[PDB]
**Student:** 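Sending over a structure as structure tokens; questions will come in a sec.
The sequence lines fix the lettering, A, B, ..., with proteins before strands; numbering per chain opens at 1. These values consider heavy atoms only, across backbone and side chains, with no hydrogens, waters or symmetry-generated copies.
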Amino acid sequence: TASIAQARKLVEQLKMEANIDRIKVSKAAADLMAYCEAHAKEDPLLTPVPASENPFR
Amino acid sequence: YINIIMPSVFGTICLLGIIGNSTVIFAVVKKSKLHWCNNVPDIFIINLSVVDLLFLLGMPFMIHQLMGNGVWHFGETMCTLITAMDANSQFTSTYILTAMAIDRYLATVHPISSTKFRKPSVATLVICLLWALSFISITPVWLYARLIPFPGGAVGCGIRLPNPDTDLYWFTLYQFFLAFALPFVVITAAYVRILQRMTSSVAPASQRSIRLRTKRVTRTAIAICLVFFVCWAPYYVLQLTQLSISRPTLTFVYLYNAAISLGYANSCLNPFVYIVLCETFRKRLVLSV
Amino acid sequence: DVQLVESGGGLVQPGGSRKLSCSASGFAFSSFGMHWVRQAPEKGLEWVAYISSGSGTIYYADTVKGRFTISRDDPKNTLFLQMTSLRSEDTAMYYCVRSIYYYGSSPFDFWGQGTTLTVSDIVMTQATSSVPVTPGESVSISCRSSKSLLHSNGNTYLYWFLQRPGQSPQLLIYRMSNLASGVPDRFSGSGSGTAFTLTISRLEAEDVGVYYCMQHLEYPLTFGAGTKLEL
Amino acid sequence: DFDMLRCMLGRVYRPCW
Amino acid sequence: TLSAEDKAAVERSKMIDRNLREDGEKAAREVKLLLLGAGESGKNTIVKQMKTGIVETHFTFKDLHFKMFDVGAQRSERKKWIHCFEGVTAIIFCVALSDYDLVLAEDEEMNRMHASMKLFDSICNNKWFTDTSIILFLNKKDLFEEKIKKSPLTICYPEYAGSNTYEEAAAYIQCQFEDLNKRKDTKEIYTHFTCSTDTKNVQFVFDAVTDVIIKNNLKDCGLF
Amino acid sequence: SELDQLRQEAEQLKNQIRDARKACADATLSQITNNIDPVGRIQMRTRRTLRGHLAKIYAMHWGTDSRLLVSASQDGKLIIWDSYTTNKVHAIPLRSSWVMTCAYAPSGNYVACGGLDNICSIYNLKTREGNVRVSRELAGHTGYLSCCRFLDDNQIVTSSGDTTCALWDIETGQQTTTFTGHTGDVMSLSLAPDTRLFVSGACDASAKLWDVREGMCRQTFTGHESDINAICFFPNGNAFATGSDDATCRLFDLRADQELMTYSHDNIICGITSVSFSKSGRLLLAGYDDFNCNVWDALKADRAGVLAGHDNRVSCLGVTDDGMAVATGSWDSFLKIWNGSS
């Protein structure tokens with residue numbers, strides 16, 4: 001009775017994942033895009049810092 | 001044409017061998033994880049390249065008395081120093097090449113028993129000992145390297161033996177034995193014994209991999225032994241010939257200077273033998289480029 | 001537990017020789033650099049010698065260089081100070097100090113109980129010899145240095161040590177700002193350039209003692225005169 | 001451009017005999 | 001331009017290199033072997049003659065230290081952790097000769113020998129074992145001679161059309177595994193016949209490892 | 001009968017989830033970020049080369065100070081590096097040389113490691129004896145250890161090849177929670193910035209979002225065609241990226257519960273071993289099997305740069321907490337610190 005027990009758990013798990021709230025992709029895509037714009041200046045790899053402030057001269 | 005052919009031959013060898021030797025030195029340095037840790041072959045291959053680089057950097061200071069006007073322009077103090085430095089680089093490179101073949105013999109014929117003493121610390125001591133032995137082997141060179149007054153107003157750096165009638169023989173023979181004959185016997189003996197013992201008895205000879213292994217190593221042992229012979233036999237054959245010769249002719253002078261270039265070409269061809277015939281080094285070099 | 005027991009001190013005649021030993025237990029003695037610091041009677045601390053981990057680096061004080069010799073025996077976990085031609089100026093209590101050096105480490109964190117020997121240069125200044133204090137009252141202790149202790153890497157090599165009466169010096173602040181492990185958070189170190197201050201908020205009875213400032217920017221290491229807090 | 005009939009010993013000249 | 005403490009940190013770091021160098025040279029003089037083989041194929045019997053997740057076994061034979069690693073307890077996907085052994089001296093693969101007429105306990109339809117051949121070909125032709133020599137052990141050769149008398153080899157290999165004798169059937173199985181070597185240039189396969197009372201099993205591995213050591217030395221020295 | 005009916009209901013639930021994801025897929029991340037300017041060419045130079053490892057490097061982790069890092073190699077050594085000066089602060093000999101992961105405690109007092117031995121070993125870096133000693137060995141996984149991450153000095157989450165992730169209490173040495181639901185070997189995990197959730201990628205080509213406190217699976221993400229080898233959280237914790245064997249990197253959103261963008265190129269046919277984000281999340285750095293590390297524009301799916309300085313497969317990489325530098329380990333036994341110049 002291992003297969004029948006596993007089937008109940010899998011069905012029960014999918015119910016929990018199917019009852020979550022999902023926002024639109026445009027809303028979710030905007031948040032990732034807006035996050036980078038706010039933190040763009042303080043990203044040394046994206047915008048290299050002057051050699052004076054670079055710990056790895 | 002004579003005044004343009006000879007400078008071009010030396011210049012091509014000097015530039016081509018500098019590029020090859022600097023490439024070998026740079027590549028061995030960039031691949032070092034821990035210094036003096038399980039890199040005995042790399043220690044020999046980088047010390048042989050340093051001496052070969054020295055043998056070519058000092059080449060133009062020794063040949064400028066052969067092409068232009070046959071005049072030494074550096075004085076008697078530099079004549080002794082440059083002649084001794086040039087002779088040391090030839091003897092040191094030959095000794096390191098000989099020791100790099102004994103190292104390969106031990107790494108192959110005795111793969112288990114040689115792990116006790118094939119240490120990078122021991123390899124460094126051996127190479128430092130080769131320089132010390134090379135200095136002893138060039139002692140007659142700098143004790144007699146003086147200026148020679150040629151007919152006319154020109155002087156040249158050369159060897160002034162105390163008894164040139166009788167001392168000319170031991171000077172040539174001892175350099176022939178230590179720098180050409182003895183190393184070639186050891187280098188040839190080491191590589192032929194490697195080819196006879198490069199596989200364990202349990203290895204399946206019928207398999208293509210074992211046969212292919214012997215084929216590549218055989219053509220590498222031949223190339224190493226042949227390049228040393230071809231680049232130094234004419235230099236030391238004419239060296240023994242001139243013992244009987246009293247008044248050299250133009251053809252002998254041209255052949256002697258051509259043979260001198262071949263000796264310098266040995267330091268130009270050693271780095272490329274390792275670059276071409278080593279798949280691991282060759283593939284890694286291409287990746288960088 | 002970490003322990004450093006010194007031995008070999010005692011009464012010696014002028015011009016004689018004496019051997020000082022420091023047996024280490026409870027820590028990796030071979031991974032620590034070891035110092036000798038002496039203290040003349042009714043005087044401040046005085047650095048003597050230093051040997052690094054692996055015995056690769058050895059430093060001596062100019063007042064004892066050429067006469068004192070420092071060595072270590074890592075297998076036996078013992079530190080040695082060979083002293084020859086002892087003078088009346090060598091009468092002091094000699095301490096065994098451990099100090100490990102890597103990024104983020106706290107050197108001079110543990111000091112030995114010291115041994116007594118009796119014989120028959122950045123300047124650190126602590127002008128205030130004594131400060132009358134009361135429990136529960138905030139106290140500030142000032143130290144000065146001839147040269148700026150701030151290095152180009154950002155570290156300010158100033159160390160604070162408290163020597164309670166009858167006890168060995170104990171590290172409070174290392175590199176002028178960091179609080180040593182096992183020290184109450186009320187101790188704080190503040191400074192800039194050549195002037196530094198040690199702040200003791202809510203002073204207690206255990207804080208009574210002499211406070212020394214040491215420099216570690218370059219050798220020889222030099223101690224201040226010492227600021228004594230008394231009730 | 002010179003009289004290149006000088007005797008040689010190694011890579012340096014020698015006085016002819 | 002290092003401070004008094006920066007210089008001591010550098011000396012500490014070089015002291016660490018002094019110990020990594022000491023340990024690294026000691027590690028390069030030891031032999032690492034990966035022991036593979038299906039269940040009930042004599043793999044555990046080899047350990048009994050050459051005495052967590054991975055079971056590491058050490059033994060010394062003629063001044064040479066071997067580290068043999070058994071990963072039989074790793075029931076996870078082989079391809080994920082198999083690259084962790086890229087660089088071992090050799091791979092010891094155990095195949096049961098007597099398990100040619102038998103079938104797998106679970107599948108009950110796939111022959112045991114075919115399972116080993118698929119397993120061997122997945123290991124020999126694996127991209128991480130391109131130049132890793134494989135020591136192929138054909139265990140239980142005495143029991144194979146008994147089965148070949150009663151059960152013909154044609155059950156396992158329909159294409160086999162040889163004599164019903166050990167001296168010919170065993171060689172056919174040996175050639176089939178060596179035929180699975182998709183790269184007969186960068187690696188070699190060492191085949192040996194073991195048994196439950198054979199005392200030459202450790203010698204064969206010593207000889208095969210010696211040939212691998214020579215091959216590695218030739219590559220390092222630049223001869224290859 | 002009953003078993004057949006239940007498995008039919010599972011398919012309906014899977015179809016319901018797929019329809020829900022399609023309903024909210026009004027736009028595409030590429031369409032949204034089509035207007036923004038590209039980042040241009042990202043040029044990074046090898047500032048430091050960390051030498052001393054004598055075997056393949058499988059994992060590295062930055063400290064929270066952005067200066068100290070720990071790297072794990074299969075020479076049996078766990079080395080702590082001062083990236084500023086290339087000094088080796090510590091060298092920890094590992095009992096098992098088959099280490100597949102390493103971790104650095106956010107407090108900086110502990111490091112973790114684990115491999116084919118099925119054990120997560122905790123090492124104490126701050127001892128009065130002055131040496132690094134083993135403080136804990138976490139036993140209970142039945143497969144190899146693939147990734148581990150500290151939450152604090154007492155809690156650590158580990159993934160294993162036994163298809164399970166476990167939350168451990170370091171003080172007692174017992175796993176308080178077990179996260180089950182994967183059908184394949186879990187290869188990596190990434191803790192959220194608030195350490196209340198974590199994502200994991202397994203060999204079943206699926207990613208799962210787990211609740212650390214509750215101990216259950218919240219969301220499951222699919223789309224990869226092969227085993228997921230790397231996974232990393234976005235800086236805000238609302239997204240994560242995975243790197244699989246199908247030569248593709250994909251970005252998933254937790255709230256959207258579906259994939260947003262794929263990072264692949266036709267010339268790239270090798271697997272992906274490690275992924276990481278820059279401080280702002282604009283750059284997605286991914287290590288590949290072709291001996292190179294490609295920098296990806298996470299918003300535009302463009303290869304902004306290449307970190308090509310390794311002679312073997314790039315097995316690990318990480319970006320500092322301040323975004324100043326990125327380190328890459330590789331099977332050539334070298335770690336390289338990369339950052340750009342003005």
**Student:** Quick one: does any side-chain atom of B:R104 pair with a main-chain N or O of B:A190 as donor and acceptor, under 3.5 Å?
**Tutor:**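 Absent.
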
**Student:** Give the intermediate values and the outcome of side-chain hydrogen bond (donor to acceptor under 3.5 Å, both in side chains) for residues F:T328 and F:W338.
**Tutor:** CA-CA 8 Å; F:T328 64; F:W338 312 73; 3.0 Å; yes

**Student:** If I take atom CG from residue E:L223 and atom CZ from residue B:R213, how far apart are they, to the nearest 0.5 angstrom?
**Tutor:**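 CZ of B:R213 is found 12.0 Å from CG of E:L223.
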
**Student:** Please work out which of the three classes, parallel, tilted or perpendicular, describes the rings of B:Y174 and B:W170, given edges at 30° and 60°.
**Tutor:**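 Plane angle between 30° and 60°, so tilted.
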
**Student:** Judged by atom type as modelled, is there a donor-acceptor pair below 3.5 Å linking the side chain of B:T108 to the main-chain atoms of B:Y105?
**Tutor:**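 Not at all, since once roles are kept as given, no pair shorter than 3.5 Å links the two residues.
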
**Student:** With the side chain counted from C-beta on, respond yes when B:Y256 and B:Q242 share a heavy-atom pair under 4.5 Å apart, and no when they do not.
**Tutor:**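 Yes, close enough: below the 4.5 Å cut-off.
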
**Student:** Quick one about E:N216 and E:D220 (side-chain donor to acceptor, distance below 3.5 Å, no hydrogens or angles considered), yes or no?
**Tutor:**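 No donor-acceptor contact under 3.5 Å links the two side chains.
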
**Student:** Can you confirm whether B:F74 is buried at CZ, in the sense that more than 12 heavy atoms of other residues, nucleotides or ligands lie under 6.0 Å from that atom?
**Tutor:**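 Yes, the 6.0 Å shell around CZ holds more than 12 heavy atoms from other groups.
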
**Student:** Would a 4.5 Å heavy-atom cut-off, applied to side chains only, mark B:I25 and B:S49 as touching?
**Tutor:**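 When only atoms from C-beta onward are counted, B:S49 and B:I25 do touch, with a gap below 4.5 Å.
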
**Student:** Report yes if some heavy atom in the side chain of F:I337 is under 4.5 Å from a heavy atom in the side chain of F:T46; otherwise report no.
**Tutor:**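 Of all side-chain heavy-atom pairs linking F:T46 with F:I337, none is under 4.5 Å.
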
**Student:** Can you find a pair of side-chain heavy atoms, one from B:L147 and one from B:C79, that are under 4.5 Å apart?
**Tutor:**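 Yes; the side chains approach each other to less than 4.5 Å.
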
**Student:** Walk me through it: do B:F150 and B:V71 pass the test side chain to side chain contact (heavy atoms under 4.5 Å, CB included)?
**Tutor:** CA-CA 9 Å; B:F150 293 113; B:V71 184; over 6 Å; no

**Student:** Is a donor on one side and an acceptor on the other found under 3.5 Å between the side chain of B:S137 and the backbone of B:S134?
**Tutor:**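 Here the side-chain-to-backbone pair exists.
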
**Student:** Give, for atom NZ of B:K215 and atom OG1 of B:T220, the distance between the pair rounded to the nearest 0.5 Å.
**Tutor:**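 Here the rounded value is 12.0 Å.
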
**Student:** Which heavy atom of B:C231 sits nearest to which heavy atom of B:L269, and what is that distance?
**Tutor:**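 Minimum heavy-atom contact is SG-CD1, 3.7 Å.
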
**Student:** Are B:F171 and D:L9 packed together at the side-chain level, in the sense that at least one heavy-atom pair is separated by less than 4.5 angstrom?
**Tutor:**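 Counting from C-beta outward, B:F171 and D:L9 do come under 4.5 Å.
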
**Student:** Can you check whether B:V217 reaches E:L218 side chain to side chain, under 4.5 Å on heavy atoms?
**Tutor:**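 The answer is yes; the side chains approach within 4.5 Å.
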
**Student:** Do any N or O atoms from the side chain of B:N88 and from the backbone of B:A84 form a donor-acceptor pair under 3.5 angstrom?
**Tutor:**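 Not a single qualifying donor-acceptor pair exists.
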
**Student:** Can you tell me if B:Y169 has over 12 outside heavy atoms packed within less than 6.0 Å of its OH?
**Tutor:**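 Open.
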
**Student:** Please find the pair of heavy atoms, one from B:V40 and one from B:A123, that lie closest to each other, and give the distance.
**Tutor:**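 Heavy atoms of B:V40 and B:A123 come nearest at CG1-CB, 3.9 Å.
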
**Student:** Between B:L178 and B:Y95, what is the shortest heavy-atom contact and its length?
**Tutor:**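 Here B:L178 and B:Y95 meet closest at O-CE2, 3.5 Å.
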
**Student:** Which atom names give the shortest non-hydrogen contact between B:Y191 and B:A221, and what distance separates them?
**Tutor:**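 Smallest heavy-atom distance, with atoms named: CD2-CB, 3.5 Å.
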
**Student:** Taking B:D86 for the side chain and B:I82 for the main chain, is one N or O donor matched with an acceptor at less than 3.5 Å?
**Tutor:**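 No, because the side chain of B:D86 does not come within donor-acceptor range (under 3.5 Å) of the backbone of B:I82.
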
**Student:** Under the side chain to side chain contact (heavy atoms under 4.5 Å, CB included) rule, what do B:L66 and D:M4 come out as? Steps first, then yes or no, please.
**Tutor:** CA-CA 8 Å; B:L66 305 173; D:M4 47 188 308; over 6 Å; no

**Student:** Quick one about B:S200 and E:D211 (side-chain donor to acceptor, distance below 3.5 Å, no hydrogens or angles considered), yes or no?
**Tutor:**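 Side-chain D/A pair, E:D211 to B:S200: absent.
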
**Student:** How close do B:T94 and B:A179 get, heavy atom to heavy atom, and via which atoms?
**Tutor:**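 Between these two residues, the closest heavy atoms are CG2-O, 3.3 Å.
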
**Student:** B:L238 versus D:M8: any side-chain heavy-atom pair under 4.5 Å?
**Tutor:**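 No; the side chains remain at least 4.5 Å from each other.
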
**Student:** Could you tell me if F:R51 sits above the aromatic ring of F:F334, with its cationic atom closer than 6.0 Å to the ring centre and no more than 45 degrees from the axis?
**Tutor:**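 Yes.
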
**Student:** Would you please indicate if the ring centroids of B:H64 and B:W72 are separated by under 6.0 Å?
**Tutor:**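 Judged by ring-centre distance (under 6.0 Å), B:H64 and B:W72 do meet the cut-off.
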
**Student:** Is it true that the NZ or CZ of B:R160 lies under 6.0 Å from the centre of B:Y144's six-membered ring and within 45 degrees of the ring axis?
**Tutor:**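 Checked: cation-pi criterion not met.
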
**Student:** Kindly say whether F:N312 contributes a backbone atom to a donor-acceptor pair with the side chain of F:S330 at under 3.5 angstrom?
**Tutor:**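 A pair under 3.5 Å: yes.
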
**Student:** Quick test of your reading of the model: are B:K31 and B:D42 salt-bridged, counting only N-O distances below 4.0 Å?
**Tutor:**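 Between B:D42 and B:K31 there is a salt bridge, with a charged N closer than 4.0 Å to a carboxylate O.
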
**Student:** Would the number of heavy atoms belonging to other residues, nucleotides or ligands and lying under 6.0 Å from CH2 of B:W131 be above 12?
**Tutor:**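 It does: B:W131 CH2 has more than 12 such atoms within range.
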
**Student:** Between D:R6 (side chain) and B:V253 (backbone), is there a donor-acceptor pair under 3.5 Å?
**Tutor:**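 Not at all, since once roles are kept as given, no pair shorter than 3.5 Å links the two residues.
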
**Student:** Classify the ring geometry between B:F184 and B:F180 as parallel (under 30°), tilted (30 to 60°) or perpendicular (over 60°).
**Tutor:**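 Parallel: the ring planes of B:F184 and B:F180 meet at under 30°.
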
**Student:** Any chance OH of B:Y236 has more than 12 other-residue heavy atoms, nucleotides or ligands included, within less than 6.0 Å?
**Tutor:**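 Counting neighbours around OH of B:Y236, more than 12 heavy atoms of other residues, nucleotides or ligands fall under 6.0 Å, so yes.
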
**Student:** My understanding is that only one of B:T172, B:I159, B:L161 makes a side chain to side chain contact (heavy atoms under 4.5 Å, CB included) with B:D167; could you say which?
**Tutor:**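 Exactly one candidate clears the test, B:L161.
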
**Student:** Is the backbone of B:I275 close enough, under 3.5 Å, to the side chain of B:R282 for a donor and an acceptor to pair up by distance?
**Tutor:**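 Not at all, since once roles are kept as given, no pair shorter than 3.5 Å links the two residues.
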
**Student:** With side-chain hydrogen bond (donor to acceptor under 3.5 Å, both in side chains) as the test, would you mind laying out the steps for B:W36 and B:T124 before giving the verdict?
**Tutor:** CA-CA 9 Å; B:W36 293 284; B:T124 302; 2.7 Å; yes

**Student:** Rounded to the nearest 0.5 Å, how far does CE of B:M78 lie from CG of B:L81?
**Tutor:**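 So the gap between those two atoms works out to 5.0 Å.
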
**Student:** Is there a donor-acceptor pair under 3.5 Å between the side chain of B:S93 and the backbone N or O of B:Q90?
**Tutor:**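 Yes.
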
**Student:** Taking SG to SG, are D:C7 and D:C16 separated by less than 2.5 Å?
**Tutor:**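 Judged by the SG atoms alone, which are under 2.5 Å apart, D:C16 and D:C7 are bridged.
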
**Student:** Can you check side chain to side chain contact (heavy atoms under 4.5 Å, CB included) on E:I214 and B:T199, steps first, answer last?
**Tutor:** CA-CA 7 Å; E:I214 300 176; B:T199 55; over 6 Å; no

**Student:** Are B:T241 and B:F252 side-chain neighbours, meaning at least one heavy-atom pair lies under 4.5 Å?
**Tutor:**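 Side chain of B:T241 against side chain of B:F252, heavy atoms only: contact under 4.5 Å found.
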
**Student:** Supply the atom-to-atom distance B:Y235 OH to D:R11 CZ, rounded to the nearest 0.5 angstrom.
**Tutor:**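 Rounded to the nearest 0.5 Å, the OH-CZ separation comes to 4.5 Å.
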
**Student:** Using the rule given for side chain to side chain contact (heavy atoms under 4.5 Å, CB included), can you reason through B:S261 versus B:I13, listing the C-alpha separation, both sets of side-chain angles and the distance that settles it, and then say yes or no?
**Tutor:** CA-CA 8 Å; B:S261 56; B:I13 294 175; 3.9 Å; yes

**Student:** Using a 3.5 Å distance criterion without hydrogens, assess whether the side chain of E:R21 forms a donor-acceptor pair with backbone atoms of B:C37.
**Tutor:**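 The answer is no, because no donor-acceptor pair under 3.5 Å joins these two groups.
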
**Student:** Taking all non-hydrogen atoms of both residues, which atom of B:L56 and which atom of B:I18 are closest, and how far apart?
**Tutor:**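 Looking at all heavy atoms of both residues, the shortest contact is CD1-N, 3.8 Å.
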
**Student:** What's the separation between atom CD1 in B:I210 and atom NZ in E:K215, rounded to the nearest 0.5 Å?
**Tutor:**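 Here the rounded value is 7.0 Å.
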
**Student:** Measure the OG1-CD distance between B:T83 and B:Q65 for me, rounded to the nearest 0.5 Å.
**Tutor:**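 Going from OG1 on B:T83 over to CD on B:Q65, the span is 7.0 Å.
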
